[PDB]
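Following: one structure in structure tokens, then a few remarks.
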Amino acid sequence: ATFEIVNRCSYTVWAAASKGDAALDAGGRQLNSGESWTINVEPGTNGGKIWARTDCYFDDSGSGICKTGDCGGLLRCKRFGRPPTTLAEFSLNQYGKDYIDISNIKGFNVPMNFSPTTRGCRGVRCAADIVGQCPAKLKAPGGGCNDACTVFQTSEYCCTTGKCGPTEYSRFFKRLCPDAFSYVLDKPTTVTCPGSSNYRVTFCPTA
């Protein structure tokens, strides 16, 4: 797939793209407000994620820190980022189809739209002001709104046994963003797209 990653936020973000044990394309890059970065994701990538990082500082070797979404201090991510991170998630060329979603299961930092740029399916979006409205006990001082599993580390929030139900915290993310996963066993909001579609992830898609 080709992904165009566009920062429509008024602040700089450092986009990241990884499948957990490797970078996708270069794995990360700075996007000033307005900039677009086109990456090539290998067909058949299963469990890929793209997210924004904020308030980062990197040295000339690409090593440093971000306040949200830091991936082991690298500009170019090889692993997933530290919550809170709104996630654009995808698995491509899986028995002829691609599957996309947005998830708040690892919290939320930056609003996002994740849409195909080719035919055949619809996009998904979580662009509500989740950081402004975040329950006090989930607020991340470093910036963003943490998920309840990150904050409290219980079997019920982290759905460790695969049992779990919705919670007062998952329901906040679901009320602000119905079309994103709010906890691990949420009713799925995954969209099926034709195999080998292309996509655009836009940070701060609205006002």
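Every chain in the structure tokens takes a letter, A first, then B, and so on in the order presented; its residues are numbered from 1, and the ligands are numbered from 1 following the presented order.
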Proximity of region 51-139 of chain A to region 18-35 of chain A: per-residue shortest pair, 10 Å limit, only C-alpha atoms, as CSV:
residue,atom,partner,partner_atom,distance
A:51,CA,A:18,CA,9.1
A:52,CA,A:28,CA,9.2
A:53,CA,A:30,CA,9.1
A:54,CA,A:30,CA,9.9
A:56,CA,A:30,CA,9.1
A:62,CA,A:29,CA,9.8
A:71,CA,A:18,CA,9.6
A:74,CA,A:28,CA,8.3
A:75,CA,A:28,CA,5.6
A:76,CA,A:28,CA,4.2
A:77,CA,A:27,CA,4.5
A:78,CA,A:23,CA,4.2
A:79,CA,A:20,CA,4.5
A:80,CA,A:20,CA,5.2
A:81,CA,A:20,CA,9.0
A:89,CA,A:19,CA,9.4
A:90,CA,A:19,CA,9.4
A:91,CA,A:19,CA,9.6
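In this comparison, which uses only C-alpha atoms, the residue of A:129, A:70, A:179, A:186 approaching residue 145 (chain A) most closely is A:129.
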Q. Quick one, how far is CA of residue 63 (chain A) from CA of residue 12 (chain A)?
A.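 So the two atoms, CA of residue 63 (chain A) and CA of residue 12 (chain A), lie 17.5 Å apart.
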Q) Just how far from CA of residue 138 (chain A) is CA of residue 170 (chain A), in Å to one decimal? A) 10.9 Å
